[PDB]
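In structure tokens, one chain follows: the form deposited in one PDB entry.
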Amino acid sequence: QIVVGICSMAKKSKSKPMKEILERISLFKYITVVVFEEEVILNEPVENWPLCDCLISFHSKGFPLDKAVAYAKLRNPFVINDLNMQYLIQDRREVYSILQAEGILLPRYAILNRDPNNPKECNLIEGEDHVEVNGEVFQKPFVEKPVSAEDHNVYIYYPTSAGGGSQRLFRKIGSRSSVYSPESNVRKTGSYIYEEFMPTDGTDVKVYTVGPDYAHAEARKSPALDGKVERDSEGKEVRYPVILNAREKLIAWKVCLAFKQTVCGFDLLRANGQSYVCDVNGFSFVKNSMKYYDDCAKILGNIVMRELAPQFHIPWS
């Protein structure tokens, strides 16, 4: 049997999307799925972790990535989502830097790094209707993101012509994803990426790859629009159908390969006749789509089989 190891926090390992997918991967005749217990992940040295031939593992809050890396180094499994890239995925500066290098369209941006030691020694000048970040001008509206990709406190600053003030996004709480603030001045402590605001039709397109040749997309109301979450009958955020164009499929292919995340979530902004990548989140499943559960499990199982069947002497075509 080929052993597929699943190594992530229990929150993720026991989520419905995960359970739906693992159950289908298990229908592969030569595959056995082992889900590492959270207790073992956090408290046992890697030497005691289960063996696997293929490792599916990803960082979310609380996950000891260092131990996942050390485990993979010890056992040398076939790695579905590269572990070291997951340090970089946590850092918007590194994410954006990879996108530029791969020739992927993204918003014009500039990084403001504030060294925690110095009192006031940053490269930032603020006007009423713009900022200058290391000399680079951004007219409002512009977007201000914490350099930590796990920090979802993204601010949008409105131009005086639109009434000034700001929109503060956050991790969804109930009916809301953002709120208006009369505050017009940028945040004064911490490091941030500043970027041009890309005018979309008020939705974000969310893309989910499973390998570089398969990508499901769907749209959701932009959190910055007014902050009210559209919910269905069952209190799940309303999603709208999307079909990617040729440019966007190529984008999905590049993102999946550039970050070495077979399973990969990222966000597109359809603006000005193009599509811009504004966020790459790594390992991420589509929810509430039976067909995605089927495709994803099938693709992953196929990848596993293609990769490992020869050394296991299993016929596979």
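Throughout, rigid core stands for the largest set of C-alpha atoms superposing within 1.5 Å between the two forms. Don't overthink the numbering: it's just position in the shown sequence, from 1. Only residues modelled in both forms are compared.
A summary of the deposited B-factors shows that, of 213-221 and 125-133, the stretch with the larger mean C-alpha value is 125-133. Mean CA temperature factor is higher for 108-116 when stretches 95-103 and 108-116 are set side by side in the entry.
Across 151, 144, 82, 232, the entry's maximum B-factor at the CA atom is seen for 232. Reading the B-factor column for the CA atoms of 188, 176, 168, 140 in the entry, the top value corresponds to 188. In the deposited entry, the Cα temperature factor of residue 238 sits in the top third of values across the chain's modelled residues. When the CA B factors of the chain's modelled residues are split into thirds, the value for residue 89 lands in the lowest one.
When all modelled residues of the chain are sorted by CA temperature factor, residue 292 is found within the middle third. Residue 30: CA B factor in the highest third of modelled residues in this chain (values from the PDB entry). In the PDB entry, a CA B factor belonging to the middle third of its chain's modelled residues is recorded for residue 274.
Not pictured, yet referred to below: the form deposited in another entry.
For the residues 228, 236, 108, 247, superposed on the rigid core between this form and the one not shown, a C-alpha shift of 2 angstroms or more shows up only at 236.
For residue 119, a C-alpha deviation of 2 angstroms or more is recorded between this form and the one not shown after rigid-core alignment. Regions where at least three consecutive shared residues each shift by 2 Å or more at the C-alpha between this form and the one not shown, after core superposition, span 117-122, 233-236.
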